[PDB]
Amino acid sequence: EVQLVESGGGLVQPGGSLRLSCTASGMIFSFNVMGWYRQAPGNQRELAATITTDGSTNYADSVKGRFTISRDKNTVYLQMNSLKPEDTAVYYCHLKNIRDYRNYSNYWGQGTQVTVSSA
């Protein structure tokens, strides 16, 4: 169906910045949302930022103001600014192929490790 290949990630120092990018090839539908989820040690996976083909974006309240999600065709980019220790996590690209309100499917990437640390 749909595959997703991720680029970016890495470690930074507090307050620094990183860019994440994910491009999706497959049976992609006209209305669909693409973005990132994340899971820190040892919490649950939670949404970080998802933009839709329509342009409308969704952010976690923890990241609003500091994270910027943007979309060109079927590739999305995330500008992560003013990064804090709590942001250290594994980041999963994502795609929700939406046909109908009762018909959709979810695809996930392998996961990119982001750590921030004074090291």
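One-based numbering along the sequence shown.
>> When the Cα temperature factors in the entry are averaged, is it 13-21 or 99-107 that ends up higher?
In response: Comparing 99-107 with 13-21, the higher mean C-alpha B-factor belongs to 99-107.
>> Can you tell me which of 79, 39, 56, 62 has the maximum CA B-factor listed in the PDB entry?
In response: Across 79, 39, 56, 62, the entry lists the biggest C-alpha B-factor for 56.
> Highest Cα B-factor in the PDB entry belongs to which of 50, 88, 68, 43?
Replying inline: In this record, 43 carries the highest C-alpha B-factor of the candidates.
> According to the PDB entry, is the CA B factor of residue 113 in the bottom, middle or top third of its chain, that is, lowest, middle or highest?
Replying inline: For residue 113, the deposited C-alpha B-factor lands in the lowest third.
>> Ranking every modelled residue in this chain by its Cα temperature factor as given in the entry, which third contains residue 27?
In response: It belongs to the highest third of the chain when residues are ordered by C-alpha B-factor.
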